[PDB]
Each structure stands twice: as structure tokens, then as C-alpha cells.
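Take a look at the structure below.
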Amino acid sequence: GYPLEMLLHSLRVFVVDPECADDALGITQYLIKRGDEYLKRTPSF
């Protein structure tokens, strides 16, 4: 739902940090992979 969007949009900041980029990238991979059923209902996001 909205927690998915909030978490993705907030981790997008750490994803491009030379430190702790891998933690954010792992969480982002997991979220995009698991919330596939939702992301197909919100293509505009």
C-alpha cells in the first residue's frame, strides 16, 4: 500500500550513498520483489 511507497521513496536517498548503499540496495530489491502484486496496480508511482 502506502508503506511500500514511503519506504521505497525514503531508501532512495541511502541507495546513492557510498557508505551503507548495500543495505539500502538489499532492502530495495526485497521490497520491489515482494510488492510485485501491488506495483502492478500503481504504474504511475
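Labels for the C-alpha cells follow display order: chains A, B, ..., residues from 1 in each chain, ligands from 1.
All residues in chain A with a DSSP state of alpha helix (DSSP H), computed from the backbone, read residues 2, 3, 4, 5, 6, 7, 8, 9, 10, 11, 21, 22, 23, 24, 25, 26, 27, 28, 29, 30, 31, 32, 33, 34, 36, 37, 38 and 39 of chain A.
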Find the residues around residue A:7 up to 12 Å (only C-alpha atoms counted), leave out those fewer than 4 positions away in its own chain, and share them as a PyMOL selection string. chain A and resi 1-3+11-15+24+27-32+35
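With only C-alpha atoms as the atoms that count, the minimum distance from residue A:5 to the choices A:34, A:19, A:25, A:39 is reached by A:39.
Note that the spacing between atom CA of residue A:43 and atom CA of residue A:6 amounts to 15.4 Å.
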